[PDB]
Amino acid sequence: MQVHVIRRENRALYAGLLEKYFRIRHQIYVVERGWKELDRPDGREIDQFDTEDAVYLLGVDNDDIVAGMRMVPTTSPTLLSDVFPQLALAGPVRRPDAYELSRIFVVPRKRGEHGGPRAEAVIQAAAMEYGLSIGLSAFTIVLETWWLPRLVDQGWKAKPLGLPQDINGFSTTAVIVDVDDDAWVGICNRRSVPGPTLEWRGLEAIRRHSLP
């Protein structure tokens, strides 16, 4: 899988893939998960946090989107700040060095064991790769509570920001995850991800830091 960084500065280069992306999200979230609340008239699954400040990581395999991740700066409106503030006791995280992760998916074809590293593992490793590249110290996540043992198992250190709550019938919690060398090297080692997978097409102006 090839993981493309898509952001404000190179969005123009990815118009076609982004069109396909918002459609895939309809299938994954509205159709498969049955999250009818996210349905929209034109059939795209796009919400209030799909803005120019968002960063997408899109995994592409044999011309198809097979995995995805959305990242929103915590200085911008987030799911935590604007939709689920009650999940963080002290208040929303609003830090220049923290991003909120959302809309993680792998298409059915790439779930579980196939070729080498699991797509699930590659997209999450790519998230940490991005964070380390731009010098983030944390990722926030509003997530279903079944993620918690998975985050432990892949080597991440996720601290809860509050108590779990039932949202839309299911237990949900907000966490803050450390972004550091161990977080990335950890998943890579535990999941057989061969280090860097990110593409930075048209992003030559953006400085990043050497990966460990």
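Throughout, we count residues from 1 along the sequence that is shown.
Note on 128-136 vs 107-115: mean CA B-factor is higher in 107-115. Between 163-171 and 147-155, it is 163-171 that carries the larger average Cα temperature factor according to the deposited entry. Among the modelled residues of its chain, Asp180 has a C-alpha B-factor that falls in the middle third, as given in the PDB entry. Among the modelled residues of its chain, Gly68 has a C-alpha B-factor that falls in the lowest third, as given in the PDB entry. Among all modelled residues in this chain, the alpha-carbon of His209 has a temperature factor (C-alpha) in the highest third. The deposited CA B-factor of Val30 belongs to the middle third of values across its chain. Among all modelled residues in this chain, the alpha-carbon of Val142 has a temperature factor (C-alpha) in the lowest third.
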